[PDB]
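Chemist: Experimental coordinates follow, after the sequence.
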Amino acid sequence: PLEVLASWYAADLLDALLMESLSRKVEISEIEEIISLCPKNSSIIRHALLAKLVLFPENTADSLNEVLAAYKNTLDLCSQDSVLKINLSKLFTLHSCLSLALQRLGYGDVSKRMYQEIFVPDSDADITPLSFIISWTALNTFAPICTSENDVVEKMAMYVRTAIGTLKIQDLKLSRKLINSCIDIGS
Amino acid sequence: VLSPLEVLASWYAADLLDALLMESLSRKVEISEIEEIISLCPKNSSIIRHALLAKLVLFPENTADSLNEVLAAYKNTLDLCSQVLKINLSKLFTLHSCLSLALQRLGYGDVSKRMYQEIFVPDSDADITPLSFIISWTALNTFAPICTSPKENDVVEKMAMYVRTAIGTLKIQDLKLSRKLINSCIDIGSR
Amino acid sequence: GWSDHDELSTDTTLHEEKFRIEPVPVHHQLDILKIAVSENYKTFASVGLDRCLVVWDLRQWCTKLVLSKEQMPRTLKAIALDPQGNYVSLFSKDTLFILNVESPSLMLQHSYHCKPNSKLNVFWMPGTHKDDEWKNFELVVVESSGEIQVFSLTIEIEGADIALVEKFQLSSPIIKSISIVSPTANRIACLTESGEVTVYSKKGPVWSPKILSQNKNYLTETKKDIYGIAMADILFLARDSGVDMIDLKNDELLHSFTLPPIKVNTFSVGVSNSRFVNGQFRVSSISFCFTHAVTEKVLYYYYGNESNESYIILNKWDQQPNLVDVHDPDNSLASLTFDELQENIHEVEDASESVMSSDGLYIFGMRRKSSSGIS
Amino acid sequence: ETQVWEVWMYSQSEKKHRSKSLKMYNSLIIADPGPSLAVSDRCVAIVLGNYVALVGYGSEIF
């Protein structure tokens, strides 16, 4: 019953840390604070590691391990104690987050072809800042390489443009996302 | 939503497909038989993908061109799935190892082994179909001489105990594959 | 711009009474990309980010046509409209569509040359005319390559017919160029990034390029942009040294209005009261849109006096003394030498997005001081 | 979103400025105004997201 509430505070502490990763340069010390603040095997403990895998390319190899270990762990204590519960938005979330993590590991000869077949959700209210930061930083890290299919960049950029819900600052910045989408239309 | 004619087409196809997988183990198999299957399978069903995953495994030069359709059917089965998924452990493992197998046959090695080493082999339940068996056999085959090298964290042992338990619950014939499988256990224990 | 209910302060003036603002409920599924418009003003056309097509009537306020994205090709680099507004053209990179709106039918489809991904520019040119009974068009296709295509396109209700005619291949990449049809004759302006200002002109069968004389005093300048009035067939030409107002056909530089240095991609001109008395093309007032180069505040310089104070002998139809005897109400109005034109300052924040009126008579625009959520 | 928009005008013929408020509650539009284009001498149309503002004075369109 406690670790539920600890998971809540680490949840709100992460949703606030991802939105600051766009305006300011953010450092690993803030993420490891959220990870230890979190509980052993919770929900937000998996999302926190994803944030680490996305927000820090200099720490992807070690990070990718910690993600796949926390998932190889969530699975072991599902059968040994057994049906999965994933929605399309969290599929697309892990989908992109892997391809971005593998572009950063040099296998981009593969990571491109994986990014090409991503099913991108539509426009809806449900859109956690974790999936937004991933979809944004993955769109950027694949805006140049992906031209040789090209549907993803446009679909993924529209996914980001098609929403906000927070105060502008960054009013001209989102507009820049719009015009960039426009030149993407002009391609 | 399927009529009453295509349900029988799928049952007939599912038995021929199971027949071709077990026959491929002690005879020489081809795609000419799978073309007849997929065409016999109705145009939008689970049996399509099973017919495809069998074509991906049983035909290795056609990996590149059969992986195309395996993804097409799955990106299409996802396509109408919104316009919530519920996948089984053995289904994940089957797709998992089948992709690992398809990638090694492409020339990824590293990427093929790492995905192979992260396969979550199911325990040992009733979910044993000749397709899941044929995949795990041929994948154990094309990967036992590669993942057996690095020593520390591997599933080679777990994978071979899967094909064990598998042979004794369904195929029940005969000492042929059983000898090779016991030899695989020898390949694991001696490693 | 939908909102659950728009509101504005209740008017206390007839100055604001006739002033009005209305929605068109019809909409793209997604945000707008680019649009084009008929000279008639009756017709309008539009495209979104989803690249759905929509066309709409202004006065009768009734739906004309709609097209979903999946009815359309993945690439849509360009768009163009006939001056009548009775017909529509679209440029996918490989093949162009030509569709009627008033009579929705597939008038034509036709593959055309391209050099991707150089930026497009496009110009319609009406033919010897006979609408509706029979028609023709001259499709200019300007390119950043500096190639400038021109095409025959005679069209009749029987079904659009098509044939290629010529391929201009102008030197150097281009900043800007525009169509300019005098009622007497077709003419087309062409600025270079080199700053050269060539003009092709239709002497019937003849299609003659000519080298307009930007003169020696400021040849070196990077240009901001030329702009002119095609109905006036008069060439305004941006420079920080003073804009040209060069004559066409018989062609000469006239005068340079005194100006502050001005930002590139900003210059444009508008005039009240088109008329063509005694062969002259005088207008009641003239006005001048541009963003400022430095302060970057929006600026719209005004010239002319009026309502009865002045008449604009812009150019002269014939730069010669003349004594034709027909009524000239403007003669009662004071003559305008350039000296008394006297620009009227009204510097304004860039934040207030705004445009000069096409007649130049009035300013209009808006901005969001603030906005908030449902909470 | 609710939106406190700012209409205003400055006639040259009168050399005169005026303005109006323009509320927009619950707008789904997010974009800045533009590209703009006058729909007549007395009236102008302007991009606002997918929607287009239409404004005019003395217009027969209304």
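Modeler: Looks like it arrived, so ask away. Numbers count the residues shown, from 1 in each chain, chains lettered A, B, ... in the order given.

Chemist: biggest strand in chain D, by residue count?
Modeler: strand D:2-11 (DSSP state E).

Chemist: Relative to that one, what are the paired strands and their orientations?
Modeler: Strand D:2-11 has the following strand partners under DSSP bridges: strand C:363-372 (antiparallel), strand D:16-23 (antiparallel).

Chemist: buried set for the last one?
Modeler: So the one you mean is strand D:16-23. For strand D:16-23, a neighbour-count test (16 or more other C-beta atoms under 10 Å in any protein chain shown) marks D:20, D:22-23 as buried. In this view, the C-beta of every residue, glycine as well, is placed from N, C-alpha and C.

Chemist: can you redo the residues you listed as JSON lines with distance to residue B:55?
Modeler: Output for these, formatted as JSON lines (distance: C-beta to C-beta, whole Å):
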{"residue": "D:20", "distance to residue B:55": "69"}
{"residue": "D:22", "distance to residue B:55": "63"}
{"residue": "D:23", "distance to residue B:55": "62"}
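
Chemist: ok, residue C:126 - contacts?
Modeler: Neighbouring residues of residue C:126 by C-beta atoms under 8 Å, 6 or more residues apart in numbering or on different chains: C:82-84, C:136-138, C:181.

Chemist: Filter those residues down to the buried ones.
Modeler: Among the contacts of residue C:126, those buried by neighbour count (16+ other C-beta under 10 Å) are C:82, C:84, C:136-138, C:181.

Chemist: would TSV of the residues you listed with secondary structure and distance to chain B be doable?
Modeler: Below are the buried ones among the contacts of residue C:126 laid out as TSV (DSSP: H, G, I helix; E, B strand; the rest coil; distance: C-beta to the nearest C-beta, whole Å):
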residue	secondary structure	distance to chain B
C:82	coil	39
C:84	coil	41
C:136	strand	46
C:137	strand	42
C:138	strand	45
C:181	strand	49
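
Chemist: Now render these as CSV, adding distance to residue C:290.
Modeler: Below are the buried ones among the contacts of residue C:126 laid out as CSV (distance: C-beta to C-beta, whole Å):
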residue, distance to residue C:290
C:82, 29
C:84, 30
C:136, 36
C:137, 32
C:138, 31
C:181, 25
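
Chemist: What is the nearest of the residues you listed to chain A?
Modeler: Nearest to chain A among those: residue C:82, at 23.6 Å, using C-beta to the nearest C-beta.

Chemist: Tell me how many other residues crowd residue C:15.
Modeler: 14 (other C-beta atoms under 10 Å in any protein chain shown).

Chemist: which one is whichever residue of chain A sits closest to chain C nearest to, not counting chain neighbours?
Modeler: Nearest residue of chain A to chain C: residue A:185, at 5.7 Å (C-beta to the nearest C-beta). Counting by C-beta to C-beta, 6 or more residues apart in numbering or on different chains, the nearest residue to residue A:185 once its immediate chain neighbours are dropped is residue C:33, at 5.7 Å.

Chemist: Check the secondary structure at the residue most central in space within chain A for me.
Modeler: The structure's chain A has its C-alpha centroid closest to residue A:134; by C-alpha atoms, centre = their mean the separation is 2.6 Å. Three-state assignment for residue A:134 (DSSP: H, G, I helix; E, B strand; the rest coil): helix.

Chemist: From what I see, it and residue A:55 are in contact.
Modeler: No. At 9.3 Å, residue A:134 and residue A:55 do not qualify as touching, with contact defined as C-beta atoms under 8 Å.

Chemist: How many residues are close by residue C:342?
Modeler: If you count neighbours by other C-beta under 10 Å, residue C:342 ends up with 10.

Chemist: Could you report the separation of it from residue C:271?
Modeler: Noted for residue C:342: a distance of 17 Å to residue C:271, by C-beta to C-beta, to the nearest Å.

Chemist: How about residue A:61?
Modeler: 67 Å.

Chemist: before we move on, back to that, just the closest of the contacts of residue C:126 to residue C:313, please.
Modeler: Nearest to residue C:313, judged by C-beta to C-beta, of the contacts of residue C:126 is residue C:181 at 22.5 Å.

Chemist: looking at it, the closest one is touching residue C:201, isn't it?
Modeler: No. In this structure residue C:181 lies outside contact range of residue C:201 using C-beta under 8 Å: 10.2 Å.

Chemist: list residues touching both of those two?
Modeler: Residues touching both residue C:181 and residue C:201 by C-beta under 8 Å, 6+ apart: residue C:187.

Chemist: Next, the contact list for residue A:186, please.
Modeler: For residue A:186, counting by C-beta under 8 Å, 6+ apart, the contacting residues are residue C:77.

Chemist: Actually, residue A:79.
Modeler: Residues near residue A:79 by C-beta under 8 Å, 6+ apart: B:89, B:122-123.

Chemist: Now that we have those, can you turn them into a markdown table and tack on distance to residue D:32?
Modeler: Shown next, in a markdown table, are the contacts of residue A:79 (distance: C-beta to C-beta, whole Å):
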| residue | distance to residue D:32 |
| --- | --- |
| B:89 | 51 |
| B:122 | 55 |
| B:123 | 59 |
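
Chemist: Show me what the helix or strand harbouring residue A:155 packs onto, helices and strands only.
Modeler: Assessed by DSSP states H and E, residue A:155 sits inside helix A:151-161. Helices and strands touching helix A:151-161, by 3 or more C-beta pairs under 8 Å, 6 or more residues apart in numbering or on different chains; DSSP states H and E, are helix A:129-142, helix A:172-185.

Chemist: which residues are in contact with that helix?
Modeler: If you take C-beta under 8 Å, 6+ apart as the criterion, helix A:151-161 is touched by A:96, A:115-116, A:118, A:120-121, A:132, A:135-136, A:138-139, A:142-143, A:146, A:174, A:177-178, A:180-181, A:184-185, C:30-31, C:49.

Chemist: and the next element down the chain from the strand or helix carrying residue C:187?
Modeler: For residue C:187, the element it lies in under DSSP H and E is strand C:186-191. Beyond strand C:186-191 on the C-terminal side, the first helix or strand identified by DSSP H and E is strand C:197-203.
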